[PDB]
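These notes concern the structure reproduced below.
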Amino acid sequence: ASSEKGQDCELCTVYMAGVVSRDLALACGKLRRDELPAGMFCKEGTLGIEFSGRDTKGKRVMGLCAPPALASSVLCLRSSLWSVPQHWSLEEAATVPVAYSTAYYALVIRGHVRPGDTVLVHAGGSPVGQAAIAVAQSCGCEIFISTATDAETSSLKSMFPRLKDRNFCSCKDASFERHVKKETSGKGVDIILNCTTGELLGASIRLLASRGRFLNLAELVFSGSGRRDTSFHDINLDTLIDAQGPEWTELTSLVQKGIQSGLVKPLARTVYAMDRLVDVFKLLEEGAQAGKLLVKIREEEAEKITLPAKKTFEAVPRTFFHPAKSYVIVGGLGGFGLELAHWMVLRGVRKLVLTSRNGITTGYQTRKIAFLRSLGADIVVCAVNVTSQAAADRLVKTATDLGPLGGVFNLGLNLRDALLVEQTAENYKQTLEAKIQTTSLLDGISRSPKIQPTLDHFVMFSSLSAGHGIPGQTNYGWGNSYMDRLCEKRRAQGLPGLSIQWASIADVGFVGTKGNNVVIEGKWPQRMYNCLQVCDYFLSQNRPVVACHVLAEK
Amino acid sequence: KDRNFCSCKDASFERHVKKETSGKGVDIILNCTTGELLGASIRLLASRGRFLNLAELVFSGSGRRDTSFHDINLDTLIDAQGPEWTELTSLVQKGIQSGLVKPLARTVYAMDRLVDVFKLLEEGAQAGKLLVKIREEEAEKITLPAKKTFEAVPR
Amino acid sequence: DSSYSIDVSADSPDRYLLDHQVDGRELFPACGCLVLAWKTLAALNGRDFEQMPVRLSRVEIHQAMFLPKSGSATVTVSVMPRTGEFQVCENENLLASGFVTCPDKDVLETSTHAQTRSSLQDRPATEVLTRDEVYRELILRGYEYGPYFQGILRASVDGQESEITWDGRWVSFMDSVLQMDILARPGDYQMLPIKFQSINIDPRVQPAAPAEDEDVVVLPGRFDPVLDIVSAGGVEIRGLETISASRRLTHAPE
Amino acid sequence: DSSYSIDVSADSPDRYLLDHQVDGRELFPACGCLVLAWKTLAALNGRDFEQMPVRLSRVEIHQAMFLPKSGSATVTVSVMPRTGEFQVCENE
């Protein structure tokens, strides 16, 4: 699914994936997913932006990208890619992005720092601090750094010669205010590339001079300013990454031009092995971070341009669907079916065929259809009661006209409950034609040569009434048993096959309308989202027939 | 066009702007109002939007992430004629060379009408710009400004 | 510090407050805090909280109190004289804040209060959601309301036109309106209100409470998406910035 | 609303408050409002205003009360429990 409709995208094989404070803010829970810009909320993951590795054909590249960057492969937009120069091993190229990107985007694109003016860089130890120092010194301005400890001061002084001993302070306490106000003759600095918060933020705001630009990397106090002409710039690189307007291209050009010069250069790096995510994030939380932090996905190879070879990564299997395929949810217009379809569309399905008996009947179905189509999916609702070869052929024709068929999720049911002592043939026929006839026809038509190599999600929703029994519901039981046996036969014979036996789904079903507490055989009515998570696990595991039930407090 | 106009007097411009712009919001809000109207104006700014406040407390509690608030006080720039002042002079001169800039509506007021001029400026019924005619222009386009005596309390 | 002592016993009037369940926990609705601030301002000004138009602005919700299954709880209210900066808190943890005032005629701005005709009936069933489905959606999200808070009788597919059942209690009505607002923003994450912008209540224009034998009153309500403003009967809620929550499985592990 | 009733009579202790004149008017000094808020916080916390360290922040002065030449004045104090947002006001 590496093909993206928007623009042209290039799939890069990551070699060294960086980690930023943003990734910790997201993983910890301080920053909710929904707070991310539209375009990053619908994405797969949300961790890591910087990356560096071989592009297609192997030419070493680096840059920012969509959130799913801290990964073994990233689909970049072809606009966020800088070529790695020589004399720069990939271990080093992973440090230039985000660091220098934010430095330039704050000081130049928005700060508009000019020859002169005074730039106060908080937390000069962090990679952004060093990048801002490099850029500011490139423009020639006087830079007041605020290091936290004393080792950072020595390291920075040894990394930048021209810095004197009067251009340093202590960020830990509110002493930098006194030093800056005393050394600058009380005028105050102009460009405050602030990164602190709380009382320190108030102190930093009380240093800004007239026509001063406060570049807040992380505002309430600022509004009550008394310096007249000023400016407050909230700098959130995520929004820029998402909305790649002309400004993004200008920033790319600035960073590339700097790279051509000797201005930008790799910062302190701390390579961490792959299976050390928890420790890496914990250390990033601690604050003792040694400069930058990276993760070594793959070891670099000798040749400077070559194919990235092959490698397999251990990972918990998720369930995703091909956006270019079409999936049929027989009886998907009921209670469960609609929510299964919504979950599917979230996971990537864009072409659906929600089959039902009579079609749209109530308003809830129409609202759900409208919402799913609003997510950008093709829902061709039919009303084909699959009972003969022609009906199934028409269903498959609709599916193919949508696109190649990939899966069939049979969710139909018929509840003619009655004790066998007083059970009529009509009830049995009506109940089995909802599971047995439809299932048999779909199986026969989905194993044909034209669809077999494209089908991977044959699924049949069953109920525990075939495993644990329900009084006087033998039709449901016979149907479920047949479906489970068919799926076992399928798996034995190859091709996908699955039969999920449910206990009782809450909310959507009639039990939810009457109240999602009624107990049946001691089985509490299961929630929905939990049901969906269990389904997510079940769809991607090699077992023919499975079951899931929630026990009730005895 | 006729879709690019609203009513500043009441808080209706918010509805019109949000309806006509598809809810995204404008980018450069050259705001000049205050009070509740200022809150309404702030609630229109879009992502990466620059609020140029010509006259801020509400803005700090924004929910559009990347934004910018620019207090514009021309007095400070006039006083501190840095490189920016020269760049602005160059911009206005270059515009003048083109047909872009042009005089606006003017209401010449005699010399001894300061109190009335300021009162009218206070009223809000000001007709475009307001000027004071210190001396009548002469025919020649380059000449000495002659002589004239003005009544004034001696300091 | 006009302390309010709510009780949730069987015979107490406020038993209905146990119907506002969010994932198997009896959370005290934010509408409750709003009504409490309303009553506090009414009392402090020598007025009755059934004939005083009010406007709550800049409202922010900090925490959600867990109502006892049976017992009583204490919640204090501290408003300032001039600015009307209320602070509804309990014990040591603040519940809600913001400003509360009493404006003049200029209180409601939607005009749905004046409207009295519903017109929602005589619309094809395929284009109208009944109470059952309207609250099926919300229970699916995670809000499991009891019968007393199920204060929506019908809705449109657009989620804009709807009918509310006014039956005396103000908290039920306000939470019904807020439910309309939540319904206006589909999804699958348990949305949690945090910050409002303007909640204007005008009890005068509101229809009088039904007597016991007069069943309920059907009130029309509309949600304007341009400004994102939900207005029903005599209330008008606006803003409703929200965050997400991680749900809480009500049962034992599957 | 811990109201304070100041008196400026001859024998009252607060006669000295008439010494804070600003251009021939006996203005009540802002320090007076600060001390009153201090005492209000001390009282609300069951403390004495002579042994309680205090910090007043974001303080803003709106008006200046004119002390009567002889008589008494009333000034109310309204502090919030959590945020400690005091409001020293008189009359309206």
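Residue pairs whose Cβ atoms lie under 7 Å apart, sitting 6 or more positions apart in sequence or on different chains, and linking a residue in segment A:165-185 that is within 14 Å of A:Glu199 (Cβ to Cβ) to a partner that is of a type in the set (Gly, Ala, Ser), are A:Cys171/A:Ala123; A:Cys171/A:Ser146; A:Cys171/A:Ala148; A:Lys172/A:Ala148; A:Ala174/A:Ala203; A:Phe176/A:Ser146; A:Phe176/A:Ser170; A:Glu177/A:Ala203.
Scanning segment D:47-92 for residues that are closer than 24 Å to D:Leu18 by Cα and of a type in the set (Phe, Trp, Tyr) yields a total of 2. Entry remark, segment A:242-280: residues being of a type in the set (S, T, N, Q) and either touching a strand residue (DSSP E or B) at 6+ places or on another chain (Cβ under 8 Å) or within 14 Å of another protein chain (Cβ to nearest Cβ) (or both) number 4 in total. Among the residues of segment C:1-31, how many are in contact with a strand residue (DSSP E or B) (Cβ under 8 Å, 6 or more places away or on another chain), small (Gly, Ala, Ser) and away from chain D (no Cβ under 14 Å)? Number satisfying all stated conditions: 4.
Looking at A:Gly45, A:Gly39, just one residue is more than 14 Å from chain C (Cβ to nearest Cβ), out of contact with any strand residue (DSSP E or B) (no Cβ under 6 Å at 6 or more places or on another chain) and at positive phi, and that residue is A:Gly39.
Taken together, the residues in segment A:179-211 that are away from every other protein chain (no Cβ under 14 Å) and loosely packed, with under 12 Cβ neighbours inside 10 Å amount to 3.
Among residues that are of a type in the set (S, T, N, Q), in a helix (DSSP H, G or I) and either in contact with a strand residue (DSSP E or B) (Cβ under 6 Å, 6 or more places away or on another chain) or at positive phi (or both), A:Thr239 is included.
Considering only residues that are farther than 12 Å from C:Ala37 by Cβ and in a strand (DSSP E or B), look in segment C:83-95 and name the one that is nearest to the other protein chains (Cβ to nearest Cβ). That would be C:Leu94.
Look at (1) more than 32 Å from the chain's Cα centre (by Cα); (2) surrounded by 19 or more Cβ atoms within 10 Å (Cβ to Cβ) and you find that A:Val518 fails only one, number (2).
Is it true that some residue in segment B:43-55 is surrounded by fewer than 16 Cβ atoms within 10 Å (Cβ to Cβ), over 30 Å from A:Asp242 (Cα atoms) and touching a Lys or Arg at 6+ places or on another chain (Cβ under 9 Å)? No, every residue in segment B:43-55 fails to be surrounded by fewer than 16 Cβ atoms within 10 Å (Cβ to Cβ), over 30 Å from A:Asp242 (Cα atoms) and touching a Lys or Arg at 6+ places or on another chain (Cβ under 9 Å).
Take the conditions away from chain C (no Cβ under 14 Å), exposed (fewer than 11 other Cβ atoms within 10 Å of the Cβ), in contact with a helix residue (DSSP H, G or I) (Cβ under 8 Å, 6 or more places away or on another chain) and of a type in the set (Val, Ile, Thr) and apply them to A:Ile329. Does it pass? Spelling it out, it is not the case that A:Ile329 is away from chain C (no Cβ under 14 Å), exposed (fewer than 11 other Cβ atoms within 10 Å of the Cβ), in contact with a helix residue (DSSP H, G or I) (Cβ under 8 Å, 6 or more places away or on another chain) and of a type in the set (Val, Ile, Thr). The sole residue among C:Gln121, C:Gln150 that is out of contact with any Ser or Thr (no Cβ under 9 Å at 6 or more places or on another chain) and not acidic (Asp, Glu) is C:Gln121.
Pick from segment B:114-140 the residues that are closer than 21 Å to B:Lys9 by Cβ and not hydrophobic (A, V, I, L, M, F, W, C): which of them is surrounded by the most Cβ atoms within 10 Å (Cβ to Cβ)? In this case the residue turns out to be B:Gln126.
Segment A:122-230 holds strands (runs of 3 or more DSSP E) entirely within its bounds, and those carrying 3 or more residues that are under 20 Å from A:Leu267 (Cα atoms) map to A:142-147. Of all the residues that make up segment B:1-46, how many are among the aliphatic types (A, V, I, L, M), in contact with a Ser or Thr (Cβ under 9 Å, 6 or more places away or on another chain) and assigned to a loop (DSSP other than H, G, I, E, B)? Adding up the residues that qualify gives 1. Scanning segment A:86-113 for residues that are in contact with a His (Cβ under 9 Å, 6 or more places away or on another chain) and in a helix (DSSP H, G or I), we see that the one that is surrounded by the most Cβ atoms within 10 Å (Cβ to Cβ) is A:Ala106.
I need the full set of residues from segment A:238-269 which are surrounded by 14 or more Cβ atoms within 10 Å (Cβ to Cβ) and hydroxyl-bearing (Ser, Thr, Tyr), in order please. Answer for segment A:238-269, where residues must be surrounded by 14 or more Cβ atoms within 10 Å (Cβ to Cβ) and hydroxyl-bearing (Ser, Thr, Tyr): A:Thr239, A:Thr252. If we scan segment C:230-238, do we find a residue that is within 14 Å of chain A (Cβ to nearest Cβ) and of a type in the set (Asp, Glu)? Within segment C:230-238, none of the residues are within 14 Å of chain A (Cβ to nearest Cβ) and of a type in the set (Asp, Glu).
Looking across segment D:64-82, the residues that are in a strand (DSSP E or B), surrounded by 13 or more Cβ atoms within 10 Å (Cβ to Cβ) and either among the charged types (D, E, K, R) or within 14 Å of chain C (Cβ to nearest Cβ) (or both) come down to D:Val75, D:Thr76, D:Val77. Here A:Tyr529, A:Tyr476 are screened, and the one residue that is more than 11 Å from every other protein chain (Cβ to nearest Cβ), in contact with a helix residue (DSSP H, G or I) (Cβ under 9 Å, 6 or more places away or on another chain) and of a type in the set (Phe, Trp, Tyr) is A:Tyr476. Considering only residues in segment C:147-172 that are in contact with a strand residue (DSSP E or B) (Cβ under 7 Å, 6 or more places away or on another chain) and among the small types (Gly, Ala, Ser), the one that is farthest from the other protein chains (Cβ to nearest Cβ) turns out to be C:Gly151. Among the residues making up segment B:56-85, those that are outside any helix (DSSP H, G or I) and out of contact with any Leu (no Cβ under 8 Å at 6 or more places or on another chain) are B:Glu56, B:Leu57, B:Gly63, B:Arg65, B:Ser68, B:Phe69, B:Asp71, B:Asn73, B:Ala80, B:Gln81, B:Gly82. Restricting to segment C:106-137, and then to whatever is part of a loop (DSSP other than H, G, I, E, B) and crowded, with 16+ Cβ neighbours inside 10 Å, can you tell me which residue is farthest from the other protein chains (Cβ to nearest Cβ)? My answer is C:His113. Scanning segment C:141-156 for residues that are buried (at least 21 other Cβ atoms within 10 Å of the Cβ) and among the aliphatic types (A, V, I, L, M) returns C:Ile152, C:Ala155. If only residues of segment A:17-57 that are more than 10 Å from the chain's Cα centre (by Cα) and of a type in the set (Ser, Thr, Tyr) are counted, the one that is farthest from A:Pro127 (Cα to Cα) is A:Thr56.
Results for (1) within 20 Å of the chain's Cα centre (by Cα); (2) more than 9 Å from chain C (Cβ to nearest Cβ), shown as yes or no for each residue.
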position: A:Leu333; (1), (2): no, yes
position: A:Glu339; (1), (2): no, no
position: A:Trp343; (1), (2): yes, no
position: A:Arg347; (1), (2): yes, yes
position: A:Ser356; (1), (2): no, yes
position: A:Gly359; (1), (2): no, yes
position: A:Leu372; (1), (2): yes, yes
position: A:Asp378; (1), (2): no, yes
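We place every Cβ from the backbone using ideal geometry, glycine too, and count neighbours over all the protein chains shown. Taken together, the values in this text are just the output of simple stated rules run on the coordinates, not laboratory data.
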